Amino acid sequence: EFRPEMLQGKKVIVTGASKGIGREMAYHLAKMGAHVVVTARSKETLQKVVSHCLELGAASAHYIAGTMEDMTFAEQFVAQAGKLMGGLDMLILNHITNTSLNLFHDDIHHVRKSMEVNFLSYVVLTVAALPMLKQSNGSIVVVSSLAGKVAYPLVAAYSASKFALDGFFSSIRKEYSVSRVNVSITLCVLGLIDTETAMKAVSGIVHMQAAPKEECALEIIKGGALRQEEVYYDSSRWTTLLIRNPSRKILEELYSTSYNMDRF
């Protein structure tokens, strides 16, 4: 079904692209000959990614540095990235605020910052991107986690933000089908991935073999390109078997008609 030609000349934004999965996605897209606009806070790190993207064969590569704690930067970043590429086909929302494993006690500012960066900025970027995505019948790719489908200790604020993404984007996907907005939304449910950040955060706590970041990056892009509603990627075969929630899907399909959406 997937062919790398599907990404050739496509106009793609990748957030949190200076390292980890984001950087690997920028690299895969570059190899595929897409036009890429990468973002993160570090201009020096983003420059290195852009240069490697050009070397890999990107149709074009640019960066715009800024913090996703600033909603006005998020809004302006999309307009600028859209002007740089002459449009937008795929919006890959991948960035998160720095998170470490800890028992929750009273760090309200960290809960708020997690909600603002991991969730609110994704909504802001979606609003700013939607008119161009509507023009191109494009795609929104939302990077989530197993911690955004199931409960784990030590990631309360992070988990809340990832569950919020599922709630918001899954509701918006239902709205897009009724309002005939031909923009796909891909929610990516990832297990532990071998990024430097993850390996460091998890040492001495988690035993798990982490999945490779290169293949993870590719599966995200494939799912988005194929307009899949959800992408599941983890190293455990058992979680893979159990993660799907067919009963949630039946329940949503059951009540899809029960609404008189003529008013909207």
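For every residue, the number given is its place in the sequence shown, counted from 1.
Novice: Once you work out the mean C-alpha B-factor for both 247 to 255 and 19 to 27 from the entry, which is higher?
Specialist: Mean CA B-factor is higher for 247 to 255.
Novice: State which stretch shows the higher mean Cα B factor in the entry: 66 to 74 or 208 to 216.
Specialist: Taking the mean C-alpha B-factor of 66 to 74 and of 208 to 216, the larger value falls to 208 to 216.
Novice: Between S184, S100, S170, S121, which one tops the list for C-alpha B-factor in the PDB entry?
Specialist: Of the candidates given, the C-alpha B-factor peaks at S100.
Novice: Highest recorded C-alpha temperature factor, please, choosing from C53, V38, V202, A34.
Specialist: Among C53, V38, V202, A34, the highest C-alpha B-factor in the entry belongs to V202.
Novice: If you rank every modelled residue in this chain by C-alpha B factor, which third holds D166: lowest, middle or highest?
Specialist: For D166, the deposited C-alpha B-factor lands in the lowest third.
Novice: Grab the CA temperature factor for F104 from the record and place it in the lowest, middle or highest third of its chain.
Specialist: For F104, the deposited C-alpha B-factor lands in the middle third.
Novice: With respect to C-alpha B-factor, does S144 fall in the lowest, middle or highest third of the chain as deposited?
Specialist: For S144, the deposited C-alpha B-factor lands in the lowest third.
Novice: C-alpha B factor of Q135, ranked within the chain: lowest, middle or highest third?
Specialist: Top third by C-alpha B-factor.
Novice: Consider only the C-alpha atoms of the modelled residues in this chain, order them by B-factor as the entry records it, and name the third containing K174: lowest, middle or highest.
Specialist: Highest third.
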